[PDB]
Student: 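For reference, the structure I am asking about is given below.
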Amino acid sequence: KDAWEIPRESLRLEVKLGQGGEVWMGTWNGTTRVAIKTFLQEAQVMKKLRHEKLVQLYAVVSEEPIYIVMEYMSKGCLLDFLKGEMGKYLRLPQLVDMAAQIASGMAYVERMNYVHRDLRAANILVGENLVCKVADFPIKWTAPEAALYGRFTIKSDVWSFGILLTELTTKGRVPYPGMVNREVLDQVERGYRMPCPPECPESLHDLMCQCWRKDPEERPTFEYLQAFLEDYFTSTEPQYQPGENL
Ligand SMILES: */C=C/C(=O)Nc1cccc(-c2c(-c3ccc(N4CCN(C)CC4)cc3)[nH]c3ncn(CC)c(=O)c23)c1
């Protein structure tokens with residue numbers, strides 16, 4: 001139907017990665033390794049977004065079975081990355097850089113006037129050299145005005161980014177530990193915010209709390225978050241010292 005179309009025979013499905021449809025690792029033509037998701041709204045959104053920190057759409061097959069060919073991220077989702085063997089070795093410099101890449105991708109989304117709506121570690125993908133990219137275009141990750149009234153905006157994504165900062169600094173732990181969804185909603189609406197993770201510097205938790213401001217228009221932009229995180233160990237914590245875990 002459009003210029004993202006390709007012949008199905010040009011794809012070779014090699015390994016199954018996940019289920020829900022399914023996602024496969026394969027080869028496009030004979031030269032390019034790709035991820036193949038086996039619905040159109042996701043592709044239509046990606047067709048307009050091209051950024052180094054967003055999993056890139058490659059091609060689409062519109063005749064059933066429907067395929068969505070995408071960039072292959074070799075290390076899986078960030079959640080599983082943090083929770084696996086790597087987590088014990090990651091320290092604050094690596095986690096802040098990873099968060100910086102995520103904000104760079106979201107800063108692009110922001111400039112394009114799009115909204116993600118489900119930002120969290122399980123929807124970031126990891127590649128080689130600690131490359132992180134936003135993918136997959138959850139009350140504990142959702143801003144109150146979006147969870148209660150369906151007001152999803154780039155500012156609800158910033159709220160989500162704040163929660164995702166707790167995932168990074170706890171290396172994959174679930175937010176609001178020990179609390180069920182209904183208790184989080186009741187407590188957050190009454191003003192509760194998660195405290196400073198252990199070994200997390202106050203300056204990073206202040207950034208979290210800014211993402212968690214009641215008024216969505218007072219939450220920082222992703223442009224701001226990206227610059228703050230890129231500059232973090234010169235402008236904000238130039239005397240950082242490694243701890244027991246961060
Ligand atoms: C948070 C879990 C998650 O998102 N899993 C997941 C489901 C479906 C597809 C992908 C995926 C992967 C991917 C890469 C590498 C791995 N590994 C399996 C376990 N060994 C130990 C390490 C490597 C699993 C999954 N790569 C992908 N590339 C692109 N996409 C489309 C956006 C993927 O979905 C994807 C992960």
Side-chain angles (χ1 to χ4, degrees), residues 4-6 8 10-11 13-21 23-29 31-38 40 42-47 49 51-55 57-62 65-90 94-95 98-99 101-106 108-109 112 114-142 157 160-161 163-175:
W4 288 95
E5 207 67 13
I6 73 173
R8 177 189 307 274
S10 63
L11 307 168
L13 288 57
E14 302 193 357
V15 183
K16 195 184 191 176
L17 298 176
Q19 282 175 138
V23 173
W24 282 76
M25 168 198 175
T27 314
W28 180 20
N29 300 336
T31 182
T32 48
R33 200 142 42 192
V34 302
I36 306 171
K37 302 182 63 175
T38 59
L40 64 307
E42 176 190 2
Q44 198 72 48
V45 176
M46 305 173 65
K47 292 183 181 179
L49 304 173
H51 190 266
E52 175 191 357
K53 302 301 177 177
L54 276 47
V55 185
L57 168 72
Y58 282 175
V60 183
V61 178
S62 304
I66 180 183
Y67 290 1
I68 299 183
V69 188
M70 294 198 190
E71 174 184 8
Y72 175 70
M73 304 297 296
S74 54
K75 295 303 187 171
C77 72
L78 175 63
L79 179 61
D80 296 346
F81 192 83
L82 290 175
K83 292 163 56 66
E85 196 207 298
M86 285 305 190
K88 63 179 287 193
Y89 298 106
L90 298 175
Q94 293 79 37
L95 297 163
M98 300 178 79
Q101 307 179 53
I102 297 164
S104 172
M106 287 309 301
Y108 171 82
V109 171
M112 300 288 287
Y114 280 86
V115 185
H116 191 288
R117 297 190 172 96
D118 190 19
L119 183 64
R120 46 170 175 146
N123 291 332
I124 308 297
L125 286 181
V126 186
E128 300 301 347
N129 200 7
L130 293 184
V131 178
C132 295
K133 296 188 184 190
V134 186
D136 186 74
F137 275 89
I139 278 292
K140 288 182 172 190
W141 285 264
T142 304
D157 288 342
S160 300
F161 189 82
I163 311 286
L164 175 34
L165 284 174
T166 75
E167 291 182 291
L168 290 166
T169 50
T170 68
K171 304 191 193 176
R173 295 313 305 273
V174 175

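Read the numbers this way: they start at 1 and go in the same order the structure lists the ligands and their atoms. Along the sequence shown, residues carry numbers from 1.
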Student: Near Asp80, which atoms of ligand 1 are under 4.0 Å from a heavy atom of that residue?
Tutor: 1 (C), 2 (C)

Student: Which atoms of ligand 1 are found less than 4.0 Å from any heavy atom of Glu71?
Tutor: 28 (N), 29 (C)

Student: If every non-hydrogen atom of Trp141 is compared with every non-hydrogen atom of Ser160, which pair is closest and at what distance?
Tutor: O-OG, 2.7 Å

Student: Please report the closest heavy-atom contact between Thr169 and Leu95, naming both atoms and the distance.
Tutor: CA-CD1, 4.4 Å

Student: Considering the heavy atoms of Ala35, write down every atom of ligand 1 situated less than 4.0 Å from one of them.
Tutor: 28 (N), 29 (C), 30 (N)

Student: For the residue pair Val134 and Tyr108, establish whether any side-chain heavy-atom pair is separated by less than 4.5 Å.
Tutor: no

Student: Under the salt bridge (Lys or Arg N to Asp or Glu O under 4.0 Å) rule, what pairs show up with a residue in residues 72-90, not counting sequence neighbours?
Tutor: none

Student: Of all the heavy-atom pairs spanning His51 and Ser104, show the shortest one and how long it is.
Tutor: CE1-OG, 3.3 Å

Student: How does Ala121 reach ligand 1, by side chain, by backbone, by both or by neither, if only non-hydrogen atoms under 4.0 Å count?
Tutor: neither

Student: For ligand 1, which atoms sit closer than 4.0 Å to a heavy atom of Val23?
Tutor: 8 (C), 9 (C), 34 (O)

Student: Could you check which of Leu17, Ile36, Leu125 puts a non-hydrogen atom nearest to atom 33 (C) of ligand 1?
Tutor: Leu125

